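# Build me a model:
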Amino acid sequence: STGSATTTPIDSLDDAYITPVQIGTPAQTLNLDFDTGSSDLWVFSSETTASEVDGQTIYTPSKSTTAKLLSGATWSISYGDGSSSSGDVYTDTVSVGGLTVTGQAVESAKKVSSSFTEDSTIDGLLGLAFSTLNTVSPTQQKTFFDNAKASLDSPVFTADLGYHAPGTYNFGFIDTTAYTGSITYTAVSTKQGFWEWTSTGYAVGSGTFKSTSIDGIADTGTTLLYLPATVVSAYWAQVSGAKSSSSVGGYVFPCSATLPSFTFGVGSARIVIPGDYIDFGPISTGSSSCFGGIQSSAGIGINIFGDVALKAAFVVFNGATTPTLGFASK
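Numbering: from 1, shown residues only. This is the structure:
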């Protein structure tokens, strides 16, 4: 089997992407944030504290003839951005782009943090990291991909995120029309439960490539590119007037600037992030200070190849017995 679904930016900045997901019988379609940096499929629901729901579409398990309470199971998650959610668990039928999993753990939120409430466009998350990170207790549950894997034509999914435009998540096949040149594959460590890999270096604009190992994670659920302070400083030094602002929470730059591109290495190959992808717009409405899309990972504890990086590529998440990651230009 295979599946193919369009993923759409939630706003004009590509702050996140939503993908429609069918849950239950009859189908209830929710727009979920596919997150290769976590491993829980959780949804706003009829059980979510009413004051914490503001415009989201909810899953109502009592209206699904295939929903079953997973007795005794609870979940609770905290994300790198400080947001969180928790609740109980059902199993139900879940379909993405024509690919169906029966008995998928659907984690129903009883509580969500303010950042989730305030984002009316995201109805929940669909985790695509390794199932070892799943938070369901006392019986850990498998991701949608892990459940689908054996049935897929090939044990892979691909992320093809758009810049200010829709893109595609495919399951079970590689669309050879969706990228240019060849896909370069690179090793993955699953030791921390992430799609963790080592970039071979970087360049700023038309500058020379610096060969240096950068360990990080391919994370569709993180907006920006978080890299070591040395790398980030080298980038922003090429933008007149750019500076790190403790009050704002990262590098800012004059909105009048033209940003240089940023290249990262994948083996001997190179992915070029155009300068415009690095612009996240005014820090507040009407400001002439703009927020940068490349930020320091210092104090995150891990480098994160988030959407800013991934949307410059066609990315293969290869879930073979020994997982690997593939990147192509597009």
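
# switch to C-alpha atoms for all contacts and neighbour counts from now on
Will do.

# which helix of the chain spans the most residues?
Using DSSP state H, we find that the single longest helix of the chain is helix 229-236.

# Which strands and helices lie in contact with that one?
If contacts are counted by 3 or more CA pairs under 8 Å, 6 or more residues apart in numbering; DSSP states H and E, helix 229-236 sits against strand 294-296.

# helices or strands up against the strand it packs on?
strand 225-227, helix 229-236, strand 250-254.

# What strands line up against it, and which way round?
Using DSSP bridges, strand 294-296 pairs in its sheet with strand 225-227 (parallel).

# in the protein, which residue is closest to the centre?
Geometric centre of the chain, nearest residue: residue 220, 1.8 Å, by CA atoms, centre = their mean.

# re earlier: list the buried ones in the longest helix of the chain?
231-233, 235-236 (16 or more other CA atoms under 10 Å).

# swap in stretch 240-257?
For stretch 240-257, a neighbour-count test (16+ other CA under 10 Å) marks 242-244, 251-255 as buried.

# repeat for stretch 309-321
Of all the residues in stretch 309-321, those buried under the rule 16+ other CA under 10 Å are 309-319.

# Check the separation of the first and last residues in that stretch.
Start to finish, the residues bounding stretch 309-321 are 26 Å apart (CA to CA, to the nearest Å).

# who touches it?
With contact meaning CA atoms under 8 Å, 6 or more residues apart in numbering, stretch 309-321 is reached by 149, 155-163, 174, 178-179, 195, 218, 220, 224-225, 271-274, 323-330.

# Return the distance of it from the chain's centre.
Taking CA atoms, centre = their mean, to the nearest Å, one finds the center of stretch 309-321 at 11 Å from the center of the full chain.

# on that earlier part again, which of the buried residues of stretch 309-321 lies closest to residue 127?
Of all these, residue 317 has the smallest distance to residue 127: 13.0 Å, by CA to CA.

# what sits opposite that closest one in the beta ladder?
In this entry, residue 317 is beta-bridged to residue 157, residue 325, by DSSP bridges.

# roughly how far apart are it and residue 248?
Separation of residue 317 from residue 248 (CA to CA): 34 Å.

# just residue 200 next, same as before
Applying CA to CA, the value for residue 200 to residue 248 is 31 Å.

# swap in residue 285?
To residue 248, residue 285 is 14 Å away according to CA to CA.

# thinking again about what came up before, now distance to residue 208 too, for the helices and strands packed on strand 294-296, in CSV please.
Formatted as CSV, those follow (distance: least, CA to CA, whole Å):
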stretch, distance to residue 208
strand 225-227, 18
helix 229-236, 12
strand 250-254, 23
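
# Among the buried residues of stretch 240-257, which pair sits farthest apart?
The farthest-apart pair in the buried residues of stretch 240-257, when distances are taken by CA to CA, is 244 and 255, at 14.7 Å.

# ok, now which ones touch residue 60?
Residues counted as contacts of residue 60 (CA under 8 Å, 6+ apart) are 45-47.

# Residue 92: how many residues sit nearby?
When counting by other CA atoms under 10 Å, one arrives at 23 neighbours for residue 92.

# let me fix that: residue 36
Here the count is done by other CA under 10 Å, and residue 36 has 22 residues near it.

# let's have the chain start at 43 instead
With 43 as the first residue, the last one maps to residue 78.

# So it is in contact with residue 262, correct?
Yes - contact criterion CA atoms under 8 Å: residue 78 and residue 262 qualify, at 5.3 Å.

# How far away from the center of its chain is stretch 66-78?
Stretch 66-78 sits 15 Å away from the centroid of its parent chain (CA atoms, centre = their mean).

# the domain parsing of this structure - what is it?
The record's domain parsing of the chain by curated CATH domains lists 47-216, 217-372.

# before we move on, the earlier item: relative to residue 61, which of the buried residues of helix 271-278 is nearest.
Using CA to CA, those come closest to residue 61 at residue 274, 30.8 Å.

# wait, isn't that closest one in contact with residue 337?
Yes - counting by CA under 8 Å, residue 337 is a contact partner of residue 274 at 6.2 Å.

# ranges for the helices of the chain?
Using DSSP H, helices in the chain cover 156-159, 186-190, 271-278, 349-352.

# who wins for proximity to residue 118 among the ones you listed?
Relative to residue 118, the nearest member of those by CA to CA is helix 156-159, separated by 14.2 Å.

# Give me the buried stretch members for that closest one, please.
Neighbour counts over helix 156-159 (16+ other CA under 10 Å) mark 158-159 as buried.

# do the same with stretch 315-331
Going by neighbour count (16+ other CA under 10 Å), the buried part of stretch 315-331 is 315-316, 319-325, 331.
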